[PDB]
Amino acid sequence: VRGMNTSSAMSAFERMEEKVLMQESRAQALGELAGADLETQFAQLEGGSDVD
Amino acid sequence: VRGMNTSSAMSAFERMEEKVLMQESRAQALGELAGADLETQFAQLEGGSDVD
Amino acid sequence: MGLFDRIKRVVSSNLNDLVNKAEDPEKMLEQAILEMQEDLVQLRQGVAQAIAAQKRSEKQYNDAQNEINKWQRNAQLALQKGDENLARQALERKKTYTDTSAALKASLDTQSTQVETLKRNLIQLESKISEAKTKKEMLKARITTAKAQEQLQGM
Amino acid sequence: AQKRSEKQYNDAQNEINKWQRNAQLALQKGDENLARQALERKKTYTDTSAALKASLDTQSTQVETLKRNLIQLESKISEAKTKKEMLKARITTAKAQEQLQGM
Amino acid sequence: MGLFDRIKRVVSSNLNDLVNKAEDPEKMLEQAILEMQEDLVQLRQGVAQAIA
Amino acid sequence: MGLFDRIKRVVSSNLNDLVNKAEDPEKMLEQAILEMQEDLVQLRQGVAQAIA
Amino acid sequence: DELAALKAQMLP
C-alpha cells in the first residue's frame with residue numbers, strides 16, 4: 001500500500017513518468033526547428049516541379 | 001501548520017519563492033530592453049508592410 | 001558585547017557557506033517530497049498505536065466488567081452458603097473495581113476524541129501533499145525559464 | 001514541462017470524468033453516501049485544475065518570448081562572424097603600419 | 001541550526017548523484033520485476049502458515 | 001536508508017551483467033530439460049516409496 | 001443539490 005521509495009511498485013511509476021516527459025520534450029523541440037528552415041519547404045515545392 | 005523553519009517543506013518554499021521573484025523581475029527588464037531596441041520593433045512592423 | 005560580535009561574524013560566515021551548497025531549488029525539492037511522505041508514515045504508525053491503545057482500554061474495560069460479573073456470581077454463591085464473611089469480601093472487590101472502571105471510562109472518552117481528531121488531520125494532510133506535487137511542477141518550469149532568461153539578459 | 005502540464009491537465013479532466021461516471025453509478029445504486037463522496041473528489045480536483053491553468057498560461061507566454069529571443073540570437077551570432085573578419089583584416093594592417101611608422 | 005543544514009546538503013548531494021546512476025530504464029524495470037515476483041512467493045509461505 | 005537504496009541499484013546492474021553471460025538459449029534449454037526429468041524421477045521415487 | 005439533479009434524471 002505504501003512501504004518505501006526503494007520498493008519497485010512505487011518507484012517504477014516515478015521513473016517512467018520522468019523519462020517519458022524528457023524524451024517527448026527533446027523530440028518536439030528538434031522537429032519544430034527543422035520545419036522552420038526555408039529549404040525544407042522549398043524542397044517539397046521543387047519535387048512537384050520536378051515531377052511534371 | 002506553524003510554518004516553522006525546522007520543517008523541510010517550509011524552508012524550501014520560502015527560499016524558492018524569493019529567488020524566483022527576483023529572477024522574474026530581471027527577466028522582465030531583459031525583455032524590455034529587446035523591445036526598446038529599434039530593430040525588434042521594426043521587424044514586426046516590416047512584416048506587415050512587406051507582404052502587401 | 002565584543003564576544004557576541006565575534007560569534008556573530010563566525011556564524012555569518014558559516015551560514016553563507018551552507019546556503020550556497022543548498023541554494024539550488026531542485027536539491028531542496030527532492031528532500032521535501034521524501035520527508036513529508038516519511039512523516040505521514042510515521043504519523044500513521046503513531047495513529048495505529050493510539051488506535052491499538054484505545055482498543056486495549058476497551059478490552060480492559062470489558063474485562064473489568066467481566067471480573068465484576070464473576071464477583072457477583074461468587075457473592076450469589078456466598079448467599080447460598082450462608083456465610084456472612086464470604087459475601088462481604090466479594091462486595092469489597094466489586095466496589096474498588098467499579099471506581100477504577102469509572103476513571104478509565106472518562107480517560108477513554110478523552111482519548112477517543114483526540115484519536116478522531118488525528119484521523120481527520122491525516123485526511124487533510126493527504127490532500128496537502130498532493131497539492132504540493134502540483135506546485136513543485138509549476139515551480140520547476142518557472143525556474144528553468146528564469147535561468148535561461150537571466151543569461152540572455154546579461155548579453 | 002509545458003507539455004507535461006497540459007498532459008496533467010488532460011489527466012485531471014479525465015479523472016473528473018471518471019468521478020462523474022462513478023457518481024452516475026451511485027445514483028443508479030440509490031445510496032446517498034456513495035454519491036456524496038464522488039462529488040467531493042470532483043470539487044477539489046476542479047480547484048486544482050483552475051490554478052494549474054492560470055500557471056500554465058503564464059508559463060506559455062514566457063516560453064513564447066524565449067523562442068522569439070532565440071531567433072534574434074541566431075541573427076546576432078551570424079553578424080558577429082562578419083564583424084570578426086573585418087576586425088582581423090584591420091588589425092593585421094595596423095600592426096604592419098606601426099612598424100613602418102617607427103622606421 | 002548550521003549542523004542540520006550541512007546534514008541536509010550532504011544528503012541532497014548524495015541523493016542527486018545516486019539517482020542519475022540509479023535511473024536506467026533497463027535496470028530499473030528489471031529490478032522492479034524481480035522484486036514483485038519474490039514478494040508474491042513470500043506471501044504464499046505466510047498464507048501456508050496461516051492455513052496450517 | 002541511502003545505503004540500502006544504493007545497494008539495490010548496484011544489484012540491478014549486477015543482475016543485468018549476469019543474465020547476459022547466460023542469455024544464450026541452448027545452454028539454458030538443455031539444463032532445463034535435464035532438470036525437469038530429474039525432478040520427475042525424484043517425485044516418482046518418492047511416489048514409489050509411498051506406494052511401497 | 002445532487003439528489004435534486006438525480007431526481008430529474010429519474011423523472012423522465
# chains A, B, ... in the order shown; residues from 1 in each chain; ligands from 1

call {"tool": "calpha_fit_and_write", "arguments": {"fixed": "chain E", "moving": "chain F", "output": "JSON list (two decimals) with C-alpha atoms, in the first residue's frame"}}
result
[["chain", "number", "residue", "atom", "x", "y", "z"],
["F", 1, "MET", "CA", 21.82, 24.32, 14.14],
["F", 2, "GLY", "CA", 23.94, 25.47, 11.21],
["F", 3, "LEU", "CA", 25.69, 22.11, 10.90],
["F", 4, "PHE", "CA", 22.38, 20.25, 10.65],
["F", 5, "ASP", "CA", 21.25, 22.53, 7.83],
["F", 6, "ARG", "CA", 24.57, 22.01, 6.06],
["F", 7, "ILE", "CA", 24.24, 18.22, 6.31],
["F", 8, "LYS", "CA", 20.81, 18.32, 4.68],
["F", 9, "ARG", "CA", 22.14, 20.32, 1.74],
["F", 10, "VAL", "CA", 25.01, 17.85, 1.36],
["F", 11, "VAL", "CA", 22.59, 14.93, 1.52],
["F", 12, "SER", "CA", 20.44, 16.39, -1.25],
["F", 13, "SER", "CA", 23.49, 16.79, -3.48],
["F", 14, "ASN", "CA", 24.55, 13.24, -2.66],
["F", 15, "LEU", "CA", 21.08, 11.91, -3.46],
["F", 16, "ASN", "CA", 21.15, 13.55, -6.89],
["F", 17, "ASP", "CA", 24.46, 11.90, -7.74],
["F", 18, "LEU", "CA", 23.19, 8.48, -6.62],
["F", 19, "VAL", "CA", 19.94, 8.50, -8.62],
["F", 20, "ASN", "CA", 21.79, 9.37, -11.84],
["F", 21, "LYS", "CA", 23.87, 6.18, -11.65],
["F", 22, "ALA", "CA", 20.69, 4.08, -11.28],
["F", 23, "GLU", "CA", 18.50, 6.31, -13.50],
["F", 24, "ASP", "CA", 18.34, 3.84, -16.41],
["F", 25, "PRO", "CA", 14.90, 2.13, -16.57],
["F", 26, "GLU", "CA", 15.80, -1.42, -17.68],
["F", 27, "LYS", "CA", 18.05, -2.34, -14.73],
["F", 28, "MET", "CA", 15.50, -0.98, -12.25],
["F", 29, "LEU", "CA", 12.51, -2.55, -14.00],
["F", 30, "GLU", "CA", 13.98, -6.06, -14.05],
["F", 31, "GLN", "CA", 14.75, -5.81, -10.34],
["F", 32, "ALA", "CA", 11.26, -4.54, -9.56],
["F", 33, "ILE", "CA", 9.65, -7.41, -11.46],
["F", 34, "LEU", "CA", 11.80, -9.90, -9.58],
["F", 35, "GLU", "CA", 11.03, -8.26, -6.22],
["F", 36, "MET", "CA", 7.23, -8.28, -6.51],
["F", 37, "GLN", "CA", 7.22, -11.95, -7.51],
["F", 38, "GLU", "CA", 9.51, -12.78, -4.59],
["F", 39, "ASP", "CA", 7.29, -10.84, -2.19],
["F", 40, "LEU", "CA", 4.21, -12.64, -3.50],
["F", 41, "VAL", "CA", 5.92, -16.00, -3.02],
["F", 42, "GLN", "CA", 6.78, -15.10, 0.57],
["F", 43, "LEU", "CA", 3.20, -13.99, 1.15],
["F", 44, "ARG", "CA", 1.92, -17.17, -0.48],
["F", 45, "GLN", "CA", 4.20, -19.30, 1.68],
["F", 46, "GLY", "CA", 2.99, -17.46, 4.77],
["F", 47, "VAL", "CA", -0.61, -17.87, 3.65],
["F", 48, "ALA", "CA", -0.02, -21.58, 3.05],
["F", 49, "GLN", "CA", 1.49, -21.93, 6.52],
["F", 50, "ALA", "CA", -1.53, -20.16, 8.01],
["F", 51, "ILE", "CA", -3.83, -22.45, 6.03],
["F", 52, "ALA", "CA", -1.81, -25.45, 7.18]]

call {"tool": "calpha_fit_and_write", "arguments": {"fixed": "chain A", "moving": "chain B", "output": "tab-separated table (two decimals) with N, CA and C atoms, in the first residue's frame"}}
result
chain	number	residue	atom	x	y	z
B	1	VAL	N	0.06	-1.19	-3.25
B	1	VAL	CA	-1.12	-0.36	-3.49
B	1	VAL	C	-0.85	1.09	-3.09
B	2	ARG	N	-0.11	1.24	-1.99
B	2	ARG	CA	0.25	2.54	-1.43
B	2	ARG	C	1.11	3.38	-2.38
B	3	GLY	N	1.95	2.73	-3.18
B	3	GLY	CA	2.83	3.47	-4.07
B	3	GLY	C	4.06	4.00	-3.36
B	4	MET	N	4.42	3.34	-2.26
B	4	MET	CA	5.55	3.72	-1.44
B	4	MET	C	6.89	3.60	-2.18
B	5	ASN	N	7.86	4.41	-1.76
B	5	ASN	CA	9.19	4.46	-2.36
B	5	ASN	C	9.99	3.16	-2.29
B	6	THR	N	9.85	2.43	-1.19
B	6	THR	CA	10.62	1.19	-0.99
B	6	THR	C	10.36	0.14	-2.07
B	7	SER	N	9.12	0.00	-2.52
B	7	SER	CA	8.82	-1.00	-3.54
B	7	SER	C	9.63	-0.68	-4.80
B	8	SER	N	10.25	-1.69	-5.42
B	8	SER	CA	11.07	-1.48	-6.61
B	8	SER	C	10.30	-0.98	-7.83
B	9	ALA	N	9.13	-1.55	-8.07
B	9	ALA	CA	8.33	-1.17	-9.24
B	9	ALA	C	7.87	0.28	-9.19
B	10	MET	N	7.44	0.73	-8.02
B	10	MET	CA	6.96	2.10	-7.86
B	10	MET	C	8.05	3.13	-8.12
B	11	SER	N	9.24	2.87	-7.59
B	11	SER	CA	10.37	3.79	-7.76
B	11	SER	C	10.81	3.90	-9.22
B	12	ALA	N	10.85	2.77	-9.91
B	12	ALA	CA	11.28	2.73	-11.30
B	12	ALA	C	10.34	3.50	-12.23
B	13	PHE	N	9.04	3.36	-12.00
B	13	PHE	CA	8.04	4.02	-12.83
B	13	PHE	C	8.12	5.55	-12.78
B	14	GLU	N	8.29	6.10	-11.58
B	14	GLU	CA	8.35	7.55	-11.43
B	14	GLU	C	9.55	8.16	-12.14
B	15	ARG	N	10.71	7.54	-11.99
B	15	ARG	CA	11.94	8.03	-12.61
B	15	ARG	C	11.87	7.98	-14.13
B	16	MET	N	11.36	6.88	-14.66
B	16	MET	CA	11.26	6.70	-16.10
B	16	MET	C	10.31	7.69	-16.77
B	17	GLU	N	9.17	7.94	-16.13
B	17	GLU	CA	8.18	8.86	-16.68
B	17	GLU	C	8.70	10.29	-16.78
B	18	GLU	N	9.38	10.75	-15.74
B	18	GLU	CA	9.90	12.11	-15.73
B	18	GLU	C	10.96	12.32	-16.82
B	19	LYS	N	11.85	11.35	-16.96
B	19	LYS	CA	12.91	11.43	-17.97
B	19	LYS	C	12.35	11.41	-19.38
B	20	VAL	N	11.37	10.54	-19.62
B	20	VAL	CA	10.76	10.41	-20.93
B	20	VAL	C	10.04	11.68	-21.37
B	21	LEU	N	9.32	12.30	-20.45
B	21	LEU	CA	8.58	13.52	-20.76
B	21	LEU	C	9.51	14.66	-21.15
B	22	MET	N	10.61	14.81	-20.41
B	22	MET	CA	11.58	15.86	-20.69
B	22	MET	C	12.22	15.65	-22.06
B	23	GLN	N	12.56	14.40	-22.35
B	23	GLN	CA	13.18	14.04	-23.62
B	23	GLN	C	12.23	14.30	-24.79
B	24	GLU	N	10.96	13.98	-24.59
B	24	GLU	CA	9.96	14.17	-25.64
B	24	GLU	C	9.82	15.64	-26.00
B	25	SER	N	9.81	16.50	-24.98
B	25	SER	CA	9.69	17.93	-25.22
B	25	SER	C	10.90	18.43	-26.00
B	26	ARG	N	12.08	17.95	-25.62
B	26	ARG	CA	13.31	18.32	-26.29
B	26	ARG	C	13.30	17.83	-27.73
B	27	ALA	N	12.79	16.62	-27.93
B	27	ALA	CA	12.71	16.02	-29.25
B	27	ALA	C	11.79	16.83	-30.16
B	28	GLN	N	10.68	17.30	-29.59
B	28	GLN	CA	9.72	18.09	-30.35
B	28	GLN	C	10.36	19.39	-30.82
B	29	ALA	N	11.16	20.01	-29.95
B	29	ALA	CA	11.84	21.25	-30.28
B	29	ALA	C	12.81	21.02	-31.43
B	30	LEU	N	13.52	19.90	-31.38
B	30	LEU	CA	14.48	19.55	-32.43
B	30	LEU	C	13.76	19.36	-33.76
B	31	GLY	N	12.60	18.70	-33.70
B	31	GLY	CA	11.80	18.46	-34.88
B	31	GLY	C	11.31	19.76	-35.48
B	32	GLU	N	10.92	20.68	-34.61
B	32	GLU	CA	10.43	21.99	-35.03
B	32	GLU	C	11.52	22.77	-35.76
B	33	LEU	N	12.75	22.66	-35.27
B	33	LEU	CA	13.88	23.36	-35.88
B	33	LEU	C	14.08	22.90	-37.31
B	34	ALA	N	13.96	21.59	-37.54
B	34	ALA	CA	14.12	21.05	-38.89
B	34	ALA	C	13.01	21.60	-39.78
B	35	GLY	N	11.80	21.64	-39.25
B	35	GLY	CA	10.64	22.17	-39.95
B	35	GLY	C	10.81	23.65	-40.25
B	36	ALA	N	11.38	24.36	-39.28
B	36	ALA	CA	11.61	25.79	-39.37
B	36	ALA	C	12.55	26.14	-40.52
B	37	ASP	N	13.56	25.30	-40.74
B	37	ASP	CA	14.52	25.55	-41.80
B	37	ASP	C	13.81	25.58	-43.16
B	38	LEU	N	14.20	26.52	-44.03
B	38	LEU	CA	13.58	26.67	-45.34
B	38	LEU	C	13.76	25.47	-46.27
B	39	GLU	N	14.94	24.86	-46.24
B	39	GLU	CA	15.22	23.74	-47.13
B	39	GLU	C	14.31	22.54	-46.92
B	40	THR	N	14.03	22.19	-45.67
B	40	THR	CA	13.16	21.04	-45.40
B	40	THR	C	11.75	21.30	-45.94
B	41	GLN	N	11.24	22.50	-45.70
B	41	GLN	CA	9.92	22.89	-46.17
B	41	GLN	C	9.87	22.93	-47.70
B	42	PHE	N	10.94	23.45	-48.28
B	42	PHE	CA	11.05	23.60	-49.73
B	42	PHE	C	11.04	22.27	-50.47
B	43	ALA	N	11.70	21.26	-49.91
B	43	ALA	CA	11.80	19.96	-50.56
B	43	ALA	C	10.43	19.32	-50.78
B	44	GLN	N	9.55	19.39	-49.78
B	44	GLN	CA	8.23	18.81	-49.92
B	44	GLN	C	7.47	19.52	-51.04
B	45	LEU	N	7.57	20.85	-51.06
B	45	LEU	CA	6.92	21.66	-52.08
B	45	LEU	C	7.52	21.39	-53.46
B	46	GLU	N	8.84	21.25	-53.49
B	46	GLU	CA	9.56	21.02	-54.74
B	46	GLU	C	9.19	19.71	-55.41
B	47	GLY	N	9.00	18.66	-54.63
B	47	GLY	CA	8.67	17.36	-55.20
B	47	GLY	C	7.37	17.39	-55.97
B	48	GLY	N	6.36	18.04	-55.41
B	48	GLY	CA	5.08	18.14	-56.10
B	48	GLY	C	5.25	18.94	-57.38
B	49	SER	N	6.00	20.03	-57.28
B	49	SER	CA	6.27	20.90	-58.42
B	49	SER	C	7.10	20.23	-59.51
B	50	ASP	N	8.11	19.47	-59.10
B	50	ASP	CA	9.02	18.81	-60.04
B	50	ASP	C	8.41	17.76	-60.97
B	51	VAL	N	7.52	16.92	-60.45
B	51	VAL	CA	6.94	15.86	-61.28
B	51	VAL	C	6.12	16.33	-62.47
B	52	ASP	N	5.29	17.36	-62.29
B	52	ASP	CA	4.46	17.84	-63.40
B	52	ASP	C	5.27	18.41	-64.58

call {"tool": "atom_distance", "arguments": {"atom1": "CA of residue 90 (chain C)", "atom2": "CA of residue 74 (chain C)"}}
result
6.9 Å

call {"tool": "residues_around", "arguments": {"residues": "residue 10 (chain D)", "least_positions_apart": "3", "cutoff": "12 Å", "atoms": "only C-alpha atoms", "output": "NGL selection string"}}
result
:D and (3-7 or 13-17 or 45-46 or 49 or 52-53)

call {"tool": "residues_around", "arguments": {"residues": "residue 98 (chain C)", "least_positions_apart": "5", "cutoff": "10 Å", "atoms": "only C-alpha atoms", "output": "PyMOL selection string"}}
result
chain C and resi 64-65+68+93+103-104
